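**Student:** Structure: query_29.txt, compact mmCIF, C-alpha atoms.
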# COMPACT_ATOMS: atom_id res chain seq x y z
CA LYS A 1 -16.66 11.85 -31.98
CA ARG A 2 -17.80 8.68 -30.21
CA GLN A 3 -16.29 6.68 -33.09
CA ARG A 4 -12.91 8.35 -32.53
CA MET A 5 -13.20 7.81 -28.77
CA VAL A 6 -13.84 4.09 -29.26
CA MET A 7 -10.96 3.88 -31.75
CA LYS A 8 -8.61 5.55 -29.27
CA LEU A 9 -9.77 3.26 -26.45
CA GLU A 10 -9.22 0.17 -28.62
CA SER A 11 -5.85 1.23 -30.06
CA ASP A 12 -4.60 1.96 -26.55
CA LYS A 13 -4.17 -1.34 -24.73
CA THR A 14 -7.38 -1.80 -22.73
CA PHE A 15 -8.70 -5.17 -21.61
CA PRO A 16 -11.95 -6.25 -19.91
CA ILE A 17 -11.89 -8.31 -16.73
CA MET A 18 -13.02 -11.80 -17.75
CA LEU A 19 -14.46 -14.24 -15.21
CA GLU A 20 -16.01 -17.53 -16.38
CA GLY A 21 -16.47 -16.00 -19.83
CA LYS A 22 -18.40 -12.98 -18.51
CA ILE A 23 -17.31 -9.35 -18.77
CA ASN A 24 -17.55 -8.08 -15.18
CA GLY A 25 -15.66 -4.82 -15.69
CA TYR A 26 -12.83 -3.07 -17.47
CA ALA A 27 -9.26 -2.08 -16.67
CA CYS A 28 -6.84 0.26 -18.42
CA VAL A 29 -3.29 1.59 -18.18
CA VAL A 30 -2.86 5.31 -17.51
CA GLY A 31 0.43 7.05 -16.82
CA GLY A 32 2.27 3.79 -17.44
CA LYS A 33 0.81 1.75 -14.57
CA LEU A 34 -2.25 -0.50 -14.52
CA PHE A 35 -5.28 0.27 -12.35
CA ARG A 36 -8.17 -2.03 -11.52
CA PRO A 37 -11.38 -1.57 -9.50
CA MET A 38 -11.04 -3.74 -6.41
CA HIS A 39 -14.74 -4.66 -6.22
CA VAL A 40 -14.56 -6.28 -9.67
CA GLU A 41 -13.32 -9.88 -9.50
CA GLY A 42 -11.50 -11.71 -12.27
CA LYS A 43 -8.33 -11.34 -14.31
CA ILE A 44 -7.37 -8.82 -16.97
CA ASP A 45 -7.76 -10.01 -20.56
CA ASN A 46 -3.98 -9.94 -21.08
CA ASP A 47 -1.64 -12.70 -19.93
CA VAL A 48 1.36 -10.34 -19.89
CA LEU A 49 -0.50 -7.76 -17.80
CA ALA A 50 -1.99 -10.48 -15.58
CA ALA A 51 1.59 -11.36 -14.58
CA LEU A 52 1.82 -8.02 -12.74
CA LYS A 53 1.20 -8.11 -8.99
CA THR A 54 -1.31 -5.52 -7.80
CA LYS A 55 -1.51 -3.56 -4.55
CA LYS A 56 -4.79 -2.84 -2.78
CA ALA A 57 -6.29 0.50 -1.70
CA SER A 58 -9.43 -0.20 0.32
CA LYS A 59 -10.30 3.49 0.79
CA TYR A 60 -11.08 3.92 -2.92
CA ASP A 61 -11.77 0.24 -3.73
CA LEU A 62 -9.03 0.41 -6.37
CA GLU A 63 -5.88 -1.55 -7.17
CA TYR A 64 -2.64 -0.58 -8.91
CA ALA A 65 0.45 -2.30 -10.27
CA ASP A 66 3.71 -1.46 -12.01
CA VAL A 67 3.84 -1.81 -15.80
CA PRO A 68 7.12 -2.50 -17.65
CA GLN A 69 8.60 0.59 -19.29
CA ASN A 70 8.50 -1.06 -22.72
CA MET A 71 4.76 -1.47 -22.15
CA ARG A 72 4.59 2.02 -20.61
CA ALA A 73 5.39 3.17 -24.16
CA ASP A 74 1.73 3.81 -25.03
CA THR A 75 -0.68 4.51 -22.16
CA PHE A 76 -3.41 7.01 -21.38
CA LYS A 77 -2.47 10.69 -21.14
CA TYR A 78 -3.86 12.38 -18.03
CA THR A 79 -4.58 16.09 -17.65
CA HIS A 80 -5.70 18.25 -14.73
CA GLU A 81 -7.56 20.88 -16.80
CA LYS A 82 -11.19 19.93 -16.07
CA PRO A 83 -13.44 22.87 -17.01
CA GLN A 84 -17.21 22.65 -16.93
CA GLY A 85 -18.89 21.38 -20.07
CA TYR A 86 -19.31 18.00 -21.74
CA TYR A 87 -16.85 15.13 -22.16
CA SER A 88 -16.91 11.82 -24.04
CA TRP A 89 -16.65 8.20 -22.92
CA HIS A 90 -17.45 4.70 -24.17
CA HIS A 91 -21.24 5.01 -23.80
CA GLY A 92 -21.50 8.53 -25.22
CA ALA A 93 -21.24 11.94 -23.58
CA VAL A 94 -21.01 13.01 -19.94
CA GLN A 95 -22.04 16.33 -18.39
CA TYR A 96 -19.65 17.91 -15.88
CA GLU A 97 -21.23 20.48 -13.57
CA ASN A 98 -20.72 21.52 -9.93
CA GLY A 99 -17.71 19.18 -9.83
CA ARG A 100 -19.83 16.11 -10.63
CA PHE A 101 -20.23 13.96 -13.74
CA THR A 102 -23.74 13.06 -14.89
CA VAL A 103 -25.06 11.11 -17.89
CA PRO A 104 -28.58 10.56 -19.25
CA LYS A 105 -30.62 7.76 -17.70
CA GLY A 106 -30.20 4.30 -19.20
CA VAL A 107 -26.48 4.86 -19.83
CA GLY A 108 -24.19 2.73 -17.69
CA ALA A 109 -24.86 -0.41 -15.65
CA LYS A 110 -23.18 -3.19 -13.66
CA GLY A 111 -20.01 -4.21 -15.49
CA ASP A 112 -19.01 -0.78 -16.84
CA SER A 113 -16.63 0.00 -13.96
CA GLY A 114 -13.23 1.10 -15.23
CA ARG A 115 -14.28 3.13 -18.28
CA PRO A 116 -12.26 6.38 -18.35
CA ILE A 117 -13.59 9.82 -19.27
CA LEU A 118 -11.84 11.59 -22.14
CA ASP A 119 -11.65 15.27 -23.06
CA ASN A 120 -11.68 16.80 -26.55
CA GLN A 121 -7.94 16.06 -26.83
CA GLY A 122 -8.38 12.41 -25.84
CA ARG A 123 -6.85 12.92 -22.40
CA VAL A 124 -8.23 11.14 -19.34
CA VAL A 125 -9.94 13.35 -16.77
CA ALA A 126 -11.75 10.79 -14.55
CA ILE A 127 -12.43 7.09 -14.06
CA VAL A 128 -15.99 5.78 -13.73
CA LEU A 129 -16.48 3.37 -10.82
CA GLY A 130 -20.22 3.33 -10.22
CA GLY A 131 -23.43 5.29 -10.34
CA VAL A 132 -26.87 5.87 -8.90
CA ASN A 133 -30.30 6.40 -10.45
CA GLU A 134 -30.95 10.13 -10.85
CA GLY A 135 -34.34 10.27 -12.56
CA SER A 136 -34.00 11.53 -16.12
CA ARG A 137 -30.21 11.14 -15.77
CA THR A 138 -27.78 9.19 -13.61
CA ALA A 139 -24.83 10.50 -11.60
CA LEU A 140 -21.59 8.53 -11.85
CA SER A 141 -19.23 8.01 -8.92
CA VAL A 142 -15.79 8.98 -10.23
CA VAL A 143 -12.28 9.80 -9.05
CA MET A 144 -10.41 12.86 -10.33
CA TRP A 145 -7.01 14.38 -9.62
CA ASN A 146 -6.12 18.05 -9.25
CA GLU A 147 -2.95 19.77 -10.46
CA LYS A 148 -1.52 19.27 -6.95
CA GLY A 149 -1.81 15.48 -7.24
CA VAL A 150 -4.60 14.97 -4.70
CA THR A 151 -6.86 11.96 -5.24
CA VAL A 152 -10.51 12.96 -4.72
CA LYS A 153 -13.37 10.46 -4.92
CA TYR A 154 -16.88 11.83 -5.49
CA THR A 155 -19.49 9.34 -4.26
CA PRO A 156 -23.22 10.18 -4.28
CA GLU A 157 -25.13 9.19 -1.16
CA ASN A 158 -26.22 5.54 -1.41
CA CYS A 159 -24.37 5.12 -4.70
CA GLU A 160 -24.57 1.65 -6.24
CA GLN A 161 -21.52 -0.25 -7.49
CA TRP A 162 -22.03 -0.19 -11.26
CA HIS B 1 2.74 -3.88 62.24
CA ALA B 2 0.38 -1.56 60.33
CA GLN B 3 2.16 -2.33 57.03
CA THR B 4 0.43 0.29 54.87
CA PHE B 5 -0.08 -0.90 51.30
CA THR B 6 2.01 1.93 49.81
CA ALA B 7 4.87 1.40 52.26
CA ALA B 8 7.13 -1.00 50.33
CA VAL B 9 8.18 1.79 47.98
CA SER B 10 11.80 2.84 47.43
CA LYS B 11 11.27 6.39 46.10
CA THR B 12 13.91 6.31 43.34
CA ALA B 13 13.27 2.76 42.09
CA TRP B 14 9.54 3.37 42.55
CA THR B 15 9.83 6.36 40.20
CA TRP B 16 11.82 4.17 37.80
CA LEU B 17 8.93 1.69 37.75
CA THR B 18 6.47 4.57 37.32
CA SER B 19 8.47 5.45 34.22
CA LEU B 20 8.23 1.79 33.19
CA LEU B 21 4.46 1.58 33.90
CA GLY B 22 2.53 4.50 32.42
CA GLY B 23 5.55 6.03 30.71
CA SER B 24 4.84 3.79 27.74
CA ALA B 25 1.22 4.88 28.17
CA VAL B 26 2.35 8.49 27.77
CA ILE B 27 4.37 7.44 24.71
CA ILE B 28 1.38 5.75 23.08
CA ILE B 29 -0.86 8.72 23.93
CA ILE B 30 1.63 10.98 22.13
CA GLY B 31 1.66 8.52 19.23
CA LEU B 32 -2.14 8.51 19.10
CA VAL B 33 -2.20 12.31 19.05
CA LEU B 34 0.39 12.39 16.25
CA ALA B 35 -1.52 9.78 14.24
CA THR B 36 -4.75 11.76 14.62
CA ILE B 37 -2.94 14.93 13.52
CA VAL B 38 -1.51 13.14 10.47
CA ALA B 39 -4.95 11.76 9.58
CA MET B 40 -6.48 15.24 9.87
CA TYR B 41 -3.72 16.65 7.66
CA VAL B 42 -4.40 13.96 5.05
CA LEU B 43 -8.14 14.69 5.14
CA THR B 44 -7.48 18.43 4.84
CA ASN B 45 -5.14 17.86 1.89
CA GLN B 46 -7.73 15.67 0.16
CA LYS B 47 -10.69 18.00 0.75
CA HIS B 48 -8.59 21.10 -0.07
CA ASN B 49 -9.32 20.72 -3.78
Here is the file; what I need is its structure written in the form of structure tokens.
**Tutor:**
Amino acid sequence: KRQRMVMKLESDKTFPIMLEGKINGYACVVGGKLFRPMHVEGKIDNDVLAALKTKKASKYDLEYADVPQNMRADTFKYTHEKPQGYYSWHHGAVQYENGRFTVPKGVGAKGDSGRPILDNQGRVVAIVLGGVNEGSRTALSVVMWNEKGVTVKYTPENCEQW
Amino acid sequence: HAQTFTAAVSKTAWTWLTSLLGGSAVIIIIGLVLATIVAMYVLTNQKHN
């Protein structure tokens, strides 16, 4: 499964945020428009996408920009059906329970911001922005969207920017 | 020649100036209330889910 998830993430145009040769984060295109975590500095690893001017949203520490329709051709597919269970992402599985996403300890660190969370159908359900040490596991700070289109950010108390 | 401080008023024009000073204060108080209401609506819409 993880192999297929990585293949889908690579085939879909996704590009890390390069600064001085160091990967400081990741950015992706979902729903035909680029998003980028504001706290991560640097430029997307795509000259064509870098040409797009972004807008800031301090409340969520996220940026967004318009993507040309021809490049909107193949982007992430979002869904609002988020039942309890387990999902898949770049560094393995993620447990969804009580409305929160959690992964085993040692998974995720500074520089992983921007990795989406995929369902069994390969549809995006959340975007990972950070996390906090949770003993045997760690809880990720993510943003998810309901069927009504409301942006909800779940942030654990004293969450670290990962 | 008492010349009370509030004696140089002209009733009508004085009320006009009262509308010029403090009337904008009432306007900005109404605007503050409306902005607070809009913010509370946004918070309610976000927390609703």
**Student:** Within 10 Å of chain A, which residues of chain B show up when using all atoms listed in the file, listed as a ChimeraX atom specification?
**Tutor:** /B:42,45-49
**Student:** So the first atom is CA of residue 24 in chain A and the second is CA of residue 3 in chain A; what is the distance between them in Å, to one decimal place?
**Tutor:**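 We find that CA of residue 24 in chain A and CA of residue 3 in chain A lie 23.2 Å from each other.
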**Student:** So which one's closest to residue 1 in chain A, A:102, A:136, A:158, A:88? Using all atoms listed in the file, please.
**Tutor:**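 Going through A:102, A:136, A:158, A:88 one by one, the smallest distance to residue 1 in chain A is for A:88.
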**Student:** Give me the residues within 10 Å of residue 101 in chain A as a PyMOL selection string, counting only C-alpha atoms and dropping any in the same chain fewer than 5 places off.
**Tutor:** chain A and resi 84-87+94-96+117+126+128+131+138-142+154
**Student:** Hey, can you check how far CA of residue 78 in chain A sits from CA of residue 133 in chain A?
**Tutor:** 28.1 Å
**Student:** Missing atoms in range 16-31 of chain A: can you complete it with N, CA and C atoms, as a PDB file, keeping the file's coordinate frame?
**Tutor:**
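The result, written out as selection.pdb:
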ATOM      1  N   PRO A  16     -10.912  -5.970 -20.906  1.00  0.00           N
ATOM      2  CA  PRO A  16     -11.950  -6.250 -19.910  1.00  0.00           C
ATOM      3  C   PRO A  16     -11.511  -7.325 -18.935  1.00  0.00           C
ATOM      4  N   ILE A  17     -12.205  -7.375 -17.803  1.00  0.00           N
ATOM      5  CA  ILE A  17     -11.890  -8.310 -16.730  1.00  0.00           C
ATOM      6  C   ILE A  17     -12.809  -9.513 -16.903  1.00  0.00           C
ATOM      7  N   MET A  18     -12.248 -10.604 -17.421  1.00  0.00           N
ATOM      8  CA  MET A  18     -13.020 -11.800 -17.750  1.00  0.00           C
ATOM      9  C   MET A  18     -13.068 -12.743 -16.555  1.00  0.00           C
ATOM     10  N   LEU A  19     -14.268 -13.231 -16.244  1.00  0.00           N
ATOM     11  CA  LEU A  19     -14.460 -14.240 -15.210  1.00  0.00           C
ATOM     12  C   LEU A  19     -15.517 -15.221 -15.693  1.00  0.00           C
ATOM     13  N   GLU A  20     -15.119 -16.480 -15.883  1.00  0.00           N
ATOM     14  CA  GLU A  20     -16.010 -17.530 -16.380  1.00  0.00           C
ATOM     15  C   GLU A  20     -16.664 -17.149 -17.701  1.00  0.00           C
ATOM     16  N   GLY A  21     -15.951 -16.398 -18.536  1.00  0.00           N
ATOM     17  CA  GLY A  21     -16.470 -16.000 -19.830  1.00  0.00           C
ATOM     18  C   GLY A  21     -17.378 -14.791 -19.807  1.00  0.00           C
ATOM     19  N   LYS A  22     -17.517 -14.127 -18.664  1.00  0.00           N
ATOM     20  CA  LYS A  22     -18.400 -12.980 -18.510  1.00  0.00           C
ATOM     21  C   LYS A  22     -17.591 -11.720 -18.274  1.00  0.00           C
ATOM     22  N   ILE A  23     -17.958 -10.645 -18.966  1.00  0.00           N
ATOM     23  CA  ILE A  23     -17.310  -9.350 -18.770  1.00  0.00           C
ATOM     24  C   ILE A  23     -17.906  -8.721 -17.510  1.00  0.00           C
ATOM     25  N   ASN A  24     -17.108  -8.646 -16.449  1.00  0.00           N
ATOM     26  CA  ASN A  24     -17.550  -8.080 -15.180  1.00  0.00           C
ATOM     27  C   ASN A  24     -17.011  -6.683 -14.935  1.00  0.00           C
ATOM     28  N   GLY A  25     -16.249  -6.134 -15.871  1.00  0.00           N
ATOM     29  CA  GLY A  25     -15.660  -4.820 -15.690  1.00  0.00           C
ATOM     30  C   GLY A  25     -14.597  -4.572 -16.731  1.00  0.00           C
ATOM     31  N   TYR A  26     -13.898  -3.452 -16.560  1.00  0.00           N
ATOM     32  CA  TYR A  26     -12.830  -3.070 -17.470  1.00  0.00           C
ATOM     33  C   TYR A  26     -11.664  -2.498 -16.679  1.00  0.00           C
ATOM     34  N   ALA A  27     -10.469  -2.628 -17.251  1.00  0.00           N
ATOM     35  CA  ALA A  27      -9.260  -2.080 -16.670  1.00  0.00           C
ATOM     36  C   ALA A  27      -8.405  -1.492 -17.782  1.00  0.00           C
ATOM     37  N   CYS A  28      -7.635  -0.460 -17.441  1.00  0.00           N
ATOM     38  CA  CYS A  28      -6.840   0.260 -18.420  1.00  0.00           C
ATOM     39  C   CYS A  28      -5.519   0.662 -17.790  1.00  0.00           C
ATOM     40  N   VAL A  29      -4.607   1.150 -18.625  1.00  0.00           N
ATOM     41  CA  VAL A  29      -3.290   1.590 -18.180  1.00  0.00           C
ATOM     42  C   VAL A  29      -3.192   3.081 -18.462  1.00  0.00           C
ATOM     43  N   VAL A  30      -3.000   3.867 -17.409  1.00  0.00           N
ATOM     44  CA  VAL A  30      -2.860   5.310 -17.510  1.00  0.00           C
ATOM     45  C   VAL A  30      -1.594   5.733 -16.780  1.00  0.00           C
ATOM     46  N   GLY A  31      -0.823   6.623 -17.401  1.00  0.00           N
ATOM     47  CA  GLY A  31       0.430   7.050 -16.820  1.00  0.00           C
ATOM     48  C   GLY A  31       1.458   5.956 -16.676  1.00  0.00           C
TER      49      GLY A  31
END
